[PDB]
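Visitor: Pasting a structure here, questions to come.
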Amino acid sequence: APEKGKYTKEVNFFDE
Amino acid sequence: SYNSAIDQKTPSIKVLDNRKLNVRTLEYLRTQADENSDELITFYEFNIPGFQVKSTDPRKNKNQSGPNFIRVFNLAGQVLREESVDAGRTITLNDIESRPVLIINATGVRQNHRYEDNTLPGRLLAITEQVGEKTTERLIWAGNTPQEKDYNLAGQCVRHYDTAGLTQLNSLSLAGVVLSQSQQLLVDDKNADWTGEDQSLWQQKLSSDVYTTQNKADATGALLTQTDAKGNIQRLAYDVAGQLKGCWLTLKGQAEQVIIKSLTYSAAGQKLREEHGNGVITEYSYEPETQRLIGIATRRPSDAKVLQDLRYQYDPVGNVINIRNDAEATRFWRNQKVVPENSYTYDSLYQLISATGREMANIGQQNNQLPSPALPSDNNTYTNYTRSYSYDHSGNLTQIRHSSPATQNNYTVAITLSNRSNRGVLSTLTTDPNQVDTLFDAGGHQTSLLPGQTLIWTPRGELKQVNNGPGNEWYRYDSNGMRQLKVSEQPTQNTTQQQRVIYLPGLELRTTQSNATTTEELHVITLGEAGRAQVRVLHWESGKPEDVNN
Amino acid sequence: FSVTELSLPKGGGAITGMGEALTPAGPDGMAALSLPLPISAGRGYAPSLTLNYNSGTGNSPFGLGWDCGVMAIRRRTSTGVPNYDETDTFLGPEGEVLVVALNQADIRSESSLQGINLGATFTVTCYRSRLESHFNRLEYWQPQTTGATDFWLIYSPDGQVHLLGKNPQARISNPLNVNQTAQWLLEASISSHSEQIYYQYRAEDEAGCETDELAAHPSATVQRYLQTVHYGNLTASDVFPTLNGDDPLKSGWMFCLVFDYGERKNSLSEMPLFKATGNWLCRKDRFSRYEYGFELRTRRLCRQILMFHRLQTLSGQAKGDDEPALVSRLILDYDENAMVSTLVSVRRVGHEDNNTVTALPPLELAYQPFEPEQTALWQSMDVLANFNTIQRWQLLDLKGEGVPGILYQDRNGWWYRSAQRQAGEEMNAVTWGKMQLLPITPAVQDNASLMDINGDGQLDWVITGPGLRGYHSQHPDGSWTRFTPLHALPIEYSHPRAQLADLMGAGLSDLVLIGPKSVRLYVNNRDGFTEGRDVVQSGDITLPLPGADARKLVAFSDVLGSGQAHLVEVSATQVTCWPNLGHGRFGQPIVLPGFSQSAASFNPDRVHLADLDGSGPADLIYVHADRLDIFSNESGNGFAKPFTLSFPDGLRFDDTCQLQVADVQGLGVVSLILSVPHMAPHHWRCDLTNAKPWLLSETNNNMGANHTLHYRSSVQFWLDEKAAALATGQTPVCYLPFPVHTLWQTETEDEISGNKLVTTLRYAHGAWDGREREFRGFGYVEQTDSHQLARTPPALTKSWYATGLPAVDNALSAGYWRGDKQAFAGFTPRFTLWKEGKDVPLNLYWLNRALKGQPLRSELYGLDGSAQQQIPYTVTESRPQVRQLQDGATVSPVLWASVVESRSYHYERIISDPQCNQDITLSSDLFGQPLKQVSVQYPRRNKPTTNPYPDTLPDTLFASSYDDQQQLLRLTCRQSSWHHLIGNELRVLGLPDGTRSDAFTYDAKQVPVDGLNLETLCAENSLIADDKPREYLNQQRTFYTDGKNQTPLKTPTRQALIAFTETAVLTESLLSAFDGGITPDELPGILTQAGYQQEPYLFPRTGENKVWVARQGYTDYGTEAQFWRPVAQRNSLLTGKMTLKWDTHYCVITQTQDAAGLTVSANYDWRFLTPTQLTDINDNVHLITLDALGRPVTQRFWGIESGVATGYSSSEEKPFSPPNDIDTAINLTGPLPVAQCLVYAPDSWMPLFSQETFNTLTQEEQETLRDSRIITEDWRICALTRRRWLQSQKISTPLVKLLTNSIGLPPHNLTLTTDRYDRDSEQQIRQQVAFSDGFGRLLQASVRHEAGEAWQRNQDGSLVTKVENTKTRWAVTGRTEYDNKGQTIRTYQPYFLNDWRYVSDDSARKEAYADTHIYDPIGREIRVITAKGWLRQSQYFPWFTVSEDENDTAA
């Protein structure tokens, strides 16, 4: 889905 | 430099019926300030039980063509049939427990889901994609053996056979974080057909290479460290707020270097200051009032050099209207050191109507290819361009009018759309609005990328192959639909020229091989999320170039 | 249906309070308040006892106004003292009169209850409430044999059976005649699942009371107190615990709710035990009650409400024989002052095992004081010119109207002065009008007087002359009734020494001739009098004679407060009272000490017995010259020290002067009117108080929330209504002849945010019924929610109710908002008769009486001072109906009142174009369950030429607002079916077994003017008749099991165990949705493989045979010995059975197990029945710990992860408990062995007085800080007793300066979460403080961050916004400011701080930019001004909503 700039989200180094 | 005459007397109205269901939504579109706003009415029709049967965008209401969607519901309100004008027709059946039983997509592919019997908890066992009969997925659940409980494997899907191979789960932490998993890939001459009961005749379809990856996590379940499939260890540290504050990489056989040595944050948890093991310090500035990103300042504290400093400006609503760079131009562009200002304007529906910026000089017209790089020797410059975009009332981009002065490359490029659909191709393919839906699947996937290029799709609507003229490129996906393989087969020189990429957790196994030998083997170690200032490490096991360093 | 999943309780951050809540005001006018007792509902069957305040309830064992009582069946004493024979009526537990239920009357002969031989043969009589609400039935068991006793049974419709007063411990009976029972108290209950409750009462005794108490009230061993309530049935049985006669608590119980009356220790830190060291306490306001023919004493107050568990029984160790341990404790504090005791403080206290106390901040309550020695004001009275008791003047009220007028009466004409409103200065200023000549007078002016001879509220001119005897009644609308002859008058009515008094107790004036040892009593029976008795007085009782002495006053007064006219003798030395026992009897005399005068200067004509405050007993006023002695009656036990009120300059008394006592002010309290008649009649008024005393004024939960309650009399609400009627030339009539002291303003203040909300009430159309002599309520209540945020318009809500009086109900509809001229026709009540199983339409008095308290209309407005201020936001109308279930010849019928159709409008302050709908009930069965319901959606009105929705909208919005789906009349019919279980030992009603929804749709030319209603849709050619096409929507069919057989039952059992539920999901029309992709030949094999079945339609019509249903929600239950508990439940027959498992006594689920074999065990903390150890499916332990209030504290987990044993170390290995101080736990470093800690602190809003400063100040300066209850005994400052103490002081000692600037933080808690396990040296502790609002809401959170730049907080709570480097940095995330109604009005951006403590709201409103939110009366958000300065906006119209973002409002 279209979300805003990437700065808003929490850091994520490892997921699936 | 925002003009609010675009948005005067253009609200958004949701019209209701006597059941308080949204039967119309109303938009007002003004593209330029002097003219009048245009009312766009999107129509939503509801039946007597109160479900949204058919919906109609404002462009097809003017064409007097049909609705976009025609849905058929059951008595509970779940969709049994969905005749979309862009995605075709989907027939869905669920059982008593609202689990999927039978899905027929628009290409006529019947998907099954068989579960456990009535003496078992009814977990998913297999998935059959009938076109002529392929058991394309197979789930192996675990028991409560004390060997399974030692690794917290009880009640999990240990072996998960999918459309790309096997994903075996080995260990779980006390939170439920996977601490060890392994995965093999299906060979190139085989597709996923996991029929039968014995699994010994399923390993002869898988590759010999079992790629296992390992993690360690704290009591909060946050990932502390991660070993890749080759042995390269990333290691993270966390501060007292639970955020991430550091990162260390130790390659296999080497010491431990520093990738991120500091990472502080704002009050809202946004990134504030980050110094890398590079030494370069980036610093994010925010609005006080709205907490919007208004600055990315990348500074190298060895030459007092600001490599980039992007200051953003916004609308009141949060549309980026001005990016200026207060840095100087890099070493690749001789004789100029001022980066131009990027300005943007929007419609009343907040869609981009105009955009300025800088582009290279020998770029030419934009297409699927990327231009040649600007080396530090060929003393080339950049020029100023401006693009202007045009849309129809369905929100489809219909025309990009790239006008670049001082080079005389003024070109327009049109997207030719249908009358009944939002399916629209480039104007090179077809100029007729009636022969656009012949370039798509029944599910609405495009089947020809360019005039000499065709696309092939899976039963579940994923890109199986981009056929070029002489050289194809095919992919593979797991059960979630994420890409696990990309095999580019270039044509015959004297034999095939094959480039293979394997996507692993934190590792890309990019390899290039001819007929009998591998001519290049590259292990790209990734650190972090892409788009979140990712760091890559290119390690060459075989076939390194001469001039680059390992 | 829920599959059971065991989980652990998480420690939340919303610090909630005790649970007190003020009731929304309605037509009754009183101010109520509830308070939940901490009953630990252990297995699922607990008592429903709560503390309830009502401003109007008298005294009690819980203080004044408060009452925590259990239901009982008592004889009706509003119609006089009971005769205790077959000619008596009973009151049910709801307070309504019971009648014998007809089938002829239900009379059967029974000797066996629940299989148990009772020993005698009883005459069981099924009773029934005469105004049916609950539809429970009541059996009066009474023995034919002499030797047994009578009792009651109540069969509530949810399967419960009650036993009321079988044993003498649960009967209030006459202490002389033990068969004369007056109150059958609830003794035991059985649920449908064989769970039992047993109620244990204690009798009154002569414990702790002096010899002056024991002389006057010798054998007062009749009044019962609920001592303890036993529940937690240790074995299942459907028989009562005391039918078999074998010691009802020798059966095991596991939970005991003990009510304490002073036996155990009441200090904060002593942990009271189950069995007590001492005896209960004899209180100070020992009142008395005589309405039953004997004396009820009520000598005790309830100090504590305790909760006990048998902990060694719940664990499988003991079997009910251990001592029950304390798990919960309430502490009720009272201000005893020998007139009334008032409950002033309630606190919940938990006790830890390490001899400490977990305490909540106390709910404290303040009452309106009666200090008439200070507040006594003298005022001149020139309004009453030439008023005179020597001539023919009177302070009385004709016209009803509740406030006395001035009547002068000549022999030819009468002159009146009605009380009215001064328009000048004050909202409660009362004056009298012109002398108006009355237009008609009853023309027989000889041998007559003004009195209410029949008691119907309106005064009568009772002419008892030589030839005729009879009366003319005075209607409130000015008219005089013609001559009504009395049916029977005694010849001794004209005796010179007979007098009219109230002896039988029915509120009527009986005729009595008092002799010294025998009275002659003629009973008033509301049409004349009855045959006279000669009641001989027992014992040594020699009654005083009225008038026969000039040195004594012998009159009928209530000097005990009981509500009876007792016989008082005021000598110069003592006051002796003979209690009226009803039926002419008089008890032994009671001496009330404290009154004394000079025997020479004592004249009884200056003695006036009048109740001054309103506590009930009559105070004693003796009049001197230049002063005025007042003796306060101390609950009918004596008189206090007198206090003098000296007469003003120019007033003296003599034998021509007169003292009147009347309520001439509308202030609820009587005023003393002194009249001096010689040389000009001049008058003075003494006003003792402003407000009516001992009502609840202020409350406080000591967490930042307090409510202040203000009261107004109904007399003032009539004088405002009467004055505004004469401004429009109308004639106002009052139907409430008595003052009702109503709640008028209840201001709410959040002390943290400073936001206030003032809900002002306005009443009109009071109704008092003359026949049943009962207050019917008000017919018009207003609310005005006006917020005071530290602008927004107040929200006025008019709302009418049905009174039942037809003269008041027919005037209500002339006060509605007409406005639009297109609305449908309004509703009228529907009187209906029930014969042959259906409602056929139509004792018209009882049909209107059933309409009391029904809603009739409600209109909501917003008072912004705009052009739409007078147009309502929404309009709701209702229609009540009354069904007569059985007829009543001389007794009342059984009537059932309900709202049968409700129509609601939605104007949104637009006159034309509303959005209307309607919900109609068509049929109901025998017990009031709906059989046919119709929901009506009305279409949009046609497009007018003139448009609303003003010019700020785009021009094309009005035409584009009209879809073709707004113009369809939609009807949704809804048929239902029910199971009613009827038997001699069976009453289970309202069990569903079938429902079905259909849909009817027509165009807008089929909705008629005057609307659709019940009389349209029930007709023969209606829009929902079975001749019209309907569309199927859904159906549902509940199937029941008997507990052991796989075949469902046709009729369920008493336990009502649901086997599964069957919901139709697919019909044969909907199978055409599978056309391209599913062959029709294989679809019924695919559908039956997915778990669908083909079942018939529910109420099937011609043309439909099968639906595809979804039969799901299965449960397997236990046997009767396992309390019918679920043991195995699955979702459907497609998946596997999930087998549950219970403990030894079947109260908690231990070890649920999946269908694959996956098991989740659980251990429970038996103090709260809370799971505190969870072993999951991989055998990893999750252990939590609770504090004494049940809130979770420190949790760990461990297990096997990679083949090795890891996790947090156990409590036996590394033992740790967090500090009780929040700031000390912040400084915790090093490896903690737990995953979380939790340090709660709800006491924090109370500032902490220190013991090191308390001993600094002086000793009598110390006890005034303790006896006023300002400090608590855990050293906390009460906000209500401090604020009340900072009024009378007004000079500033250091104790004054220390209290007025003491402060605390909002009620917060601290959660310390660790990153890694213990024994790992890199573990750091994440810290988080979470502040609450005091209303249960969440204010903010302070998360600990690393060292860096942050704003600094001052030492008083301000915010300095220059950044500085900080070693203790905290991030304030999610800060929110509310109003009093819960709507978020500020949302702050986060900011860094140097401290964890709360920053003040006045300083967070100046700095710390936020988004303010504006709302409307409905509660939706109109606009929001962002922090930078832009604003979004929303507009709500009935057919469309308009939204504007920050770009639309920028221009």
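Scheme for the structure tokens: letters A, B, ... for chains in order shown; per-chain residue numbers from 1; ligand numbers from 1 in order shown.
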Based on only C-alpha atoms, which of the residues in chain A come within 8 Å of chain B? I want them as a ChimeraX atom specification.

Guide: /A:6-14

Visitor: With N, CA, C and O atoms kept, could you save the residues just selected as a PDB file, in the first residue's frame?

Guide:
ATOM      1  N   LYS A   6      10.061   6.664   4.409  1.00  0.00           N
ATOM      2  CA  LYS A   6      10.517   5.522   5.191  1.00  0.00           C
ATOM      3  C   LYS A   6      10.908   5.878   6.619  1.00  0.00           C
ATOM      4  O   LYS A   6      11.045   4.971   7.444  1.00  0.00           O
ATOM      5  N   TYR A   7      11.072   7.166   6.929  1.00  0.00           N
ATOM      6  CA  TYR A   7      11.512   7.606   8.247  1.00  0.00           C
ATOM      7  C   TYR A   7      10.478   7.358   9.334  1.00  0.00           C
ATOM      8  O   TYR A   7      10.836   7.338  10.514  1.00  0.00           O
ATOM      9  N   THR A   8       9.207   7.178   8.965  1.00  0.00           N
ATOM     10  CA  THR A   8       8.145   7.078   9.957  1.00  0.00           C
ATOM     11  C   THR A   8       8.171   5.734  10.678  1.00  0.00           C
ATOM     12  O   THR A   8       7.760   5.643  11.840  1.00  0.00           O
ATOM     13  N   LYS A   9       8.653   4.688  10.015  1.00  0.00           N
ATOM     14  CA  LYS A   9       8.591   3.335  10.544  1.00  0.00           C
ATOM     15  C   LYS A   9       9.781   3.035  11.443  1.00  0.00           C
ATOM     16  O   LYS A   9      10.815   3.700  11.383  1.00  0.00           O
ATOM     17  N   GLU A  10       9.616   2.019  12.286  1.00  0.00           N
ATOM     18  CA  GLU A  10      10.662   1.556  13.180  1.00  0.00           C
ATOM     19  C   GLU A  10      11.680   0.744  12.376  1.00  0.00           C
ATOM     20  O   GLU A  10      11.386   0.241  11.290  1.00  0.00           O
ATOM     21  N   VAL A  11      12.904   0.641  12.901  1.00  0.00           N
ATOM     22  CA  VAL A  11      13.974  -0.091  12.230  1.00  0.00           C
ATOM     23  C   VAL A  11      13.656  -1.580  12.187  1.00  0.00           C
ATOM     24  O   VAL A  11      12.985  -2.127  13.074  1.00  0.00           O
ATOM     25  N   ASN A  12      14.127  -2.244  11.136  1.00  0.00           N
ATOM     26  CA  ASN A  12      13.832  -3.658  10.928  1.00  0.00           C
ATOM     27  C   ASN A  12      14.979  -4.256  10.128  1.00  0.00           C
ATOM     28  O   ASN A  12      15.105  -3.979   8.933  1.00  0.00           O
ATOM     29  N   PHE A  13      15.808  -5.072  10.777  1.00  0.00           N
ATOM     30  CA  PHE A  13      16.940  -5.670  10.087  1.00  0.00           C
ATOM     31  C   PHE A  13      16.686  -7.093   9.617  1.00  0.00           C
ATOM     32  O   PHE A  13      17.392  -7.562   8.718  1.00  0.00           O
ATOM     33  N   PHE A  14      15.703  -7.790  10.184  1.00  0.00           N
ATOM     34  CA  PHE A  14      15.487  -9.190   9.833  1.00  0.00           C
ATOM     35  C   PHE A  14      14.019  -9.544  10.019  1.00  0.00           C
ATOM     36  O   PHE A  14      13.517  -9.547  11.146  1.00  0.00           O
TER      37      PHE A  14
END

Visitor: Output as a VMD selection string all residues of segment 408-515 of chain B that backbone DSSP marks as strand (DSSP E).

Guide: chain B and resid 409 to 417 424 to 426 454 to 457 463 to 467 473 to 477 483 to 490 497 to 504 507 to 513

Visitor: Report as CSV: every residue of chain B with an atom at most 6 Å from chain C, its closest pair of atoms, and their distance in Å to one decimal, counting only C-alpha atoms, with rows sorted by chain and ascending residue number.

Guide:
residue,atom,partner,partner_atom,distance
B:4,CA,C:1451,CA,5.7
B:7,CA,C:1448,CA,5.3
B:8,CA,C:1448,CA,5.7
B:11,CA,C:1444,CA,5.1
B:12,CA,C:1443,CA,5.3
B:13,CA,C:1442,CA,4.6
B:14,CA,C:1441,CA,5.4
B:15,CA,C:1440,CA,4.0
B:16,CA,C:1439,CA,5.0
B:17,CA,C:966,CA,4.3
B:18,CA,C:966,CA,5.1
B:74,CA,C:1066,CA,5.8
B:75,CA,C:1065,CA,4.7
B:76,CA,C:1065,CA,5.9
B:81,CA,C:1073,CA,5.8
B:95,CA,C:1090,CA,4.7
B:96,CA,C:1110,CA,5.8
B:118,CA,C:1135,CA,4.6
B:119,CA,C:1136,CA,4.8
B:120,CA,C:1136,CA,4.9
B:121,CA,C:1136,CA,4.6
B:122,CA,C:1135,CA,4.8
B:149,CA,C:1178,CA,4.6
B:150,CA,C:1203,CA,4.8
B:151,CA,C:1201,CA,5.0
B:152,CA,C:1178,CA,5.2
B:154,CA,C:1178,CA,5.7
B:173,CA,C:1201,CA,5.6
B:218,CA,C:1316,CA,4.9
B:219,CA,C:1316,CA,4.9
B:220,CA,C:1315,CA,5.8
B:240,CA,C:1326,CA,5.2
B:241,CA,C:1345,CA,5.2
B:267,CA,C:1391,CA,5.2
B:268,CA,C:1390,CA,5.7
B:289,CA,C:1428,CA,5.4
B:316,CA,C:1446,CA,5.4
B:317,CA,C:1446,CA,5.4

Visitor: Have a look at atom CA of residue 757 of chain C and atom CA of residue 785 of chain C and let me know their distance in Å, one decimal.

Guide: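 Separation between atom CA of residue 757 of chain C and atom CA of residue 785 of chain C: 6.8 Å.
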